[PDB]
Amino acid sequence: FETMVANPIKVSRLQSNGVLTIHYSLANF
Amino acid sequence: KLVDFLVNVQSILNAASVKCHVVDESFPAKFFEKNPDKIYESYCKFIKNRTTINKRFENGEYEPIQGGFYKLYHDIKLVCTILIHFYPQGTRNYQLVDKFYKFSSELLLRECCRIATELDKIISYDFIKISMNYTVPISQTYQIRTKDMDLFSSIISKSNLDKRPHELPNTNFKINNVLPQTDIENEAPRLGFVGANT
Amino acid sequence: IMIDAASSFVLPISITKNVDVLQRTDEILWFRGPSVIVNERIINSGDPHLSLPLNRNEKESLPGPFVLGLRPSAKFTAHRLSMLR
Amino acid sequence: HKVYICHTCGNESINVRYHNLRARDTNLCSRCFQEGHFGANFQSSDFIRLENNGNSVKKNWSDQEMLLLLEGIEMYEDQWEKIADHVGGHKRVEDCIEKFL
Amino acid sequence: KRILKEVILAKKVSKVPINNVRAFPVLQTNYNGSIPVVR
Amino acid sequence: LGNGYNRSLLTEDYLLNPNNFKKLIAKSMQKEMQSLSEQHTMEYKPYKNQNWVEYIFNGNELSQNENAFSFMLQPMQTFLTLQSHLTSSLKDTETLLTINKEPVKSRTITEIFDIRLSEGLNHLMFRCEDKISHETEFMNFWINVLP
Ligand SMILES: [Zn+2]
């Protein structure tokens with residue numbers, strides 16, 4: 029069990045701040 | 009003076025019991041009147057051998088005396104241990120009963136208050182000790198040694214009234230106790246430090 | 741002095757059998794230091810247990863930590879629940 | 255509606271974030287702030303409880319939005335798109351300038 | 453401030469209105485983070 | 364439960380601060434405290478500004494499946510000392526103490591060590607064992623030193 033290097037969770041600062049939640061603005065066919 | 013002092017606790021403990029329905033849980037007579045440290049072992053013996076908390080006030084089971092609130096404390100601790108042992112340790116109705124026990128025990132501890170060391174050999178020789186002491190319950194976290202990273206866990210939400218044996222999802226886990234840090238808050242900086250010009 | 745270190749880790753083995761009480765990602790989060798338990802958030806700034814006036855070896859076993867934490871009295875809470883409806 | 259990735263872990267904040275005032279572009283969940291998982295450089299004084307929910311009918315300007323507007327003006331000094339999203343993205347450029355004046 | 457006190461001591465004027473902000477500033481506990489620093 | 368696996372050795376452990384740190388500064430509002438979990442009272446004594482905390486561990490009613498403990502110390506408090514009251518020094522009991530890896534020998587039943595810490599976390603492994611009776615006990619102390 030002592031040979032089980034763990035996985036870092038990286039935050040990536042621009043993802044942490046202001047990410048919103058393109059065809060659904062109908063101007064582009 | 010003790011007339012309204014049951015009425016207000018009644019109203020508060022009714023209105024603060026909507027989401028969990030602790031007060032409307034079934035509870036028979038259960039005459040223990042014992043040491044509150046024996047309050048689970050006595051009910052364990054009551055399980056081995058062989074009227075709810077809202078209805079106790081409507082029948083006038085509580086008097087304006089010391090026992091008239093000691094019984095109320097006893098009934099709350101019994102119903103909370105029952106609801107802790109009834110659910111698993113991760114459900115929301117486990118943590119609601121834990122929070123309700125904490126809130127009601129804090130509410131009932133107050134308002135009845137209204138109603169050997171070389172360092173010590175130096176300091177007790179050098180100073181004068183006016184003091185203050187109290188009790189808090191500690192909690193636990195887990196412990197893992199990986200390759201040179203030496204991780205820690207979150208706080209287990211296991212209540213202080215659980216009494217179960219310590220299960221472990223891994224035997225390569227370890228367990229530790231977290232001592233709470235408590236003192237006069239270290240002088241925080243001023244608002245010129247928090248929010249200067251960048 | 742860096743800021744953008746990871747400081748949380750996840751082990752690959754799914755041990756999610758007896759773990760519903762810890763803090764899950766949605788696995789188990791494993792941090793790089795312990796937690797910090799804080800008794801009461803609000804300091805009670807007067808109270809000569811803490812203020813220490815300069816006038817006049856004694857011990858006192860106060861009931862709980864709830865003396866030092868600004869709790870409201872129950873008569874106001876019943877008054878406000880009466881004002882509720 | 256945006257999403258607020260909690261710093262120091264990967265979690266999503268539900269409806270209350272804890273904004274930091276010295277790195278100025280991080281957030282936290284409630285549980286990572288109750289236990290102190292935000293690194294030994296910061297001191298739990300410089301974390302303001304901000305909300306995430308959509309507020310009431312416009313031209314109210316709660317103190318949270320005023321604070322985030324002034325944080326944006328101290329950040330960028332221009333670039334009113336990068337101000338109006340930092341307010342929360344539910345306000346236009348043409349109203350943030352009409353409120354800062 | 454003495455004089456406005458004494459009338460309230462003496463006369464008991466019929467309203468003496470109450471308008472408060474219904475809050476008051478208190479200090480709250482601070483604590484460092486527990487994750488150590490990375491150099 | 365492992366509470367019936369309570370400690371038979373290790374009466375008292377003291378993480379009291381050294382007299383060097385006091386002697387180099389001082390030349429007091431005391432607050433004792435106990436934690437609701439059988440024993441391990443924790444006392445301290447600041448004054449309006479040094480603190481001189483002291484962590485004691487009366488292990489007569491602690492468990493032994495729960496060895497490790499964790500607390501947080503302030504950046505002026507880099508030095509520490511123990512006081513290790515065992516039950517009885519019947520045999521040549523081996524008492525070693527590795528902070529991270531380096532064993533600490535002594536100051537010279588009751589044995590005193592000398593501890594100097596660094597920033598960040600620490601391990602501070604401690605254990606006692608008998609030569610003849612062949613029984614071991616462990617203690618761990620996760621000391622988070624503030625930067
Ligand atoms: Zn988080």
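Protein chains in written order, with PDB author numbering: chain S, 29 to 49, 58 to 65; chain A, 9 to 58, 74 to 138, 169 to 251; chain R, 741 to 766, 788 to 817, 855 to 883; chain G, 255 to 355; chain V, 453 to 491; chain B, 364 to 390, 429 to 449, 478 to 537, 587 to 625.
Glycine is no exception: its CB is placed at the ideal position from the N, C-alpha and C atoms.
List, in chain order, every chain R residue whose beta-carbon is nearer than 9 Å to that of residue i.
| i | result |
| --- | --- |
| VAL473/V | The premise fails here: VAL473/V is roughly 17 Å from chain R at the closest Cβ pair, so nothing lies under 9 Å. |
| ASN295/G | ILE741 and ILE743 |
| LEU599/B | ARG793, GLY794 and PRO795 |
Name the chain B residues whose beta carbon is nearer than 8 Å to that of residue i?
| i | result |
| --- | --- |
| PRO795/R | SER499, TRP620 and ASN622 |
Going along chain A in order, which residues have a C-beta closer than 8 Å to the C-beta of residue i?
| i | result |
| --- | --- |
| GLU319/G | Within 8 Å Cβ-Cβ: nothing; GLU319/G doesn't reach chain A, min ~17 Å. |
| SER299/G | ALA241, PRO242 and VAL247 |
Along chain S, which residues have their Cβ under 9 Å away from the Cβ of residue i?
| i | result |
| --- | --- |
| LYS200/A | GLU30, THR31, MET32, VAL33 and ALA34 |
Residues of chain A with a CB under 9 Å from the CB of residue i: which are they?
| i | result |
| --- | --- |
| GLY365/B | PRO218 and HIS219 |
| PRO814/R | Per Cβ cutoff of 9 Å: no residues; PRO814/R is ~11 Å from chain A at best. |
For residue i, which beta-bridge partners are listed by DSSP?
| i | result |
| --- | --- |
| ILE259/G | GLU266/G |
| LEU502/B | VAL623/B |
| residue 563/V | Examination of residue 563/V is not possible in this model, given that chain V is present from 453 through 491 alone. |
| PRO532/B | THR527/B |
| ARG764/R | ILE789/R |
| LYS432/B | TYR445/B |
| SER513/B | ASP376/B and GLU589/B |
| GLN196/A | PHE205/A and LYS227/A |
| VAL750/R | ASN35/S |
| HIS273/G | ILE302/G |
Excluding the 5 residues flanking residue i on each side, which residues of the same chain have their C-beta closer than 7 Å to its C-beta?
| i | result |
| --- | --- |
| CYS28/A | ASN116, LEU119, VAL120 and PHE123 |
| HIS261/G | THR280, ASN281 and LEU282 |
What residues from chain B crowd round residue i, counting only those whose CB sits closer than 7 Å?
| i | result |
| --- | --- |
| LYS46/A | Correct list: empty, because the minimum Cβ distance to chain B is about 16 Å. |
| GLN196/A | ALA497 |
Going along chain G, which residues have a C-beta under 8 Å from residue i?
| i | result |
| --- | --- |
| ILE208/A | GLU289 |
| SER44/S | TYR258, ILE259, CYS260, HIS261, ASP279, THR280 and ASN281 |
| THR765/R | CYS263, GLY264 and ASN265 |
Which residues bound the alpha helix (DSSP H) around residue i?
| i | result |
| --- | --- |
| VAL120/A | 115-132 |
| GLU597/B | Where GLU597/B is concerned, there is no enclosing alpha helix (DSSP H), given that its DSSP letter is neither H nor E. |
| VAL15/A | 12-23 |
| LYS100/A | 90-109 |
| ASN45/S | 41-46 |
| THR875/R | 872-882 |
| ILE327/G | 317-330 |
| residue 356/G | Residue 356/G lies beyond the range of chain G shown here (255 to 355); nothing can be said about it. |
| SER177/A | 171-179 |
So the beta strand (DSSP E) residue i belongs to, where does it begin and stop?
| i | result |
| --- | --- |
| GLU49/A | That residue, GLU49/A, is in no beta strand (DSSP E); its alpha helix (DSSP H) goes 49-57. |
| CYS135/A | Unbroken run through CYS135/A: none, as it is neither H nor E. |
| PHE39/A | Looking at the DSSP string, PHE39/A is not in any beta strand (DSSP E), and its letter there is neither H nor E. |
| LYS227/A | 227-231 |
| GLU305/G | 301-305 |
| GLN288/G | That residue, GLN288/G, is in no beta strand (DSSP E); its alpha helix (DSSP H) goes 284-288. |
| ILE460/V | First-last for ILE460/V: 454-462, but that is the alpha helix (DSSP H), not the beta strand (DSSP E). |
| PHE486/B | 483-487 |
| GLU81/A | Per DSSP, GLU81/A belongs to no beta strand (DSSP E); it is in the alpha helix (DSSP H), 76-81. |
| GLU607/B | 603-607 |
Could you name the residues of chain V that residue i contacts, counting a contact when the two beta carbons are closer than 7 Å?
| i | result |
| --- | --- |
| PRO447/B | None at all; the shortest Cβ gap to chain V is about 15 Å. |
| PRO625/B | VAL489 |
In chain D, which residues lie with their C-beta within 7 Å of the C-beta of residue i?
| i | result |
| --- | --- |
| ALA746/R | In summary, chain D is missing from the structure at hand, where the protein chains are S, A, R, G, V and B. |
Using a Cβ-Cβ cut-off of 6 Å (strictly less than) and excluding sequence neighbours within five positions of residue i, which residues of its own chain qualify?
| i | result |
| --- | --- |
| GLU439/B | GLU490 |
| residue 585/B | Chain B lacks the residues between 537 and 587, and residue 585/B is one of those with no coordinates. |
| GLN234/A | none |
List the residues of chain V whose Cβ lies closer than 9 Å to the Cβ of residue i, in chain order.
| i | result |
| --- | --- |
| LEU602/B | The contacting residues do not exist; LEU602/B stays about 15 Å from chain V at best. |
Taking C-beta pairs closer than 7 Å, name the residues in chain A that residue i reaches, listed in chain order.
| i | result |
| --- | --- |
| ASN380/B | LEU172 |
Excluding the 5 residues flanking residue i on each side, which residues of the same chain have their C-beta closer than 8 Å to its C-beta?
| i | result |
| --- | --- |
| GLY343/G | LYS256 |
| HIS219/A | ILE228 |
For a contact meaning CB atoms closer than 8 Å, what does residue i contact in chain S?
| i | result |
| --- | --- |
| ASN229/A | Per Cβ cutoff of 8 Å: no residues; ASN229/A is ~17 Å from chain S at best. |
Would you mind telling me which residues of chain V sit closer than 8 Å to residue i, beta carbon to beta carbon, in chain order?
| i | result |
| --- | --- |
| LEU868/R | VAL478 |
| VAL799/R | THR481 and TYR483 |
Can you pull the chain R neighbours of residue i, defined as C-beta to C-beta under 7 Å?
| i | result |
| --- | --- |
| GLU84/A | Those do not exist, as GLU84/A stays about 20 Å from chain R at its closest Cβ, beyond 7 Å. |
| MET430/B | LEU813 |
Starting from residue i, find everything on chain G with Cβ-Cβ shorter than 7 Å and list it in chain order.
| i | result |
| --- | --- |
| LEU790/R | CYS263 |
Residues of the stretch 235-251 of chain A whose Cβ lies closer than 8 Å to any Cβ of chain G, in chain order: Identification of residues in the stretch 235-251 of chain A having a C-beta nearer than 8 Å to some C-beta of chain G yields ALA241, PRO242, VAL247, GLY248, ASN250 and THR251, given in sequence order.
Against chain R: residues of the stretch 257-290 of chain G by CB proximity under 7 Å: Per Cβ criterion, the list reads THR262, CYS263, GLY264, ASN265, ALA277, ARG285, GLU289 and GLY290.
Residues from the stretch 327-353 of chain G in contact with chain S, defined by Cβ distance under 8 Å: Taking 8 Å as the Cβ-Cβ cut-off against chain S, the residues of the stretch 327-353 of chain G that qualify are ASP339, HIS340 and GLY343.
Residues within the stretch 474-491 of chain V neighbouring chain G, beta-carbon criterion of under 7 Å: Residues are counted here when their Cβ sits less than 7 Å from a Cβ of chain G; for the stretch 474-491 of chain V these are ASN482, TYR483, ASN484, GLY485, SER486, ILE487, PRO488 and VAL489, given in chain order.
Interface positions of the stretch 747-759 of chain R facing chain S (Cβ-Cβ less than 9 Å), listed along the chain: Going along the stretch 747-759 of chain R in chain order, one finds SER747, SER748, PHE749, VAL750, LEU751, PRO752 and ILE753 with a Cβ nearer than 9 Å to chain S.
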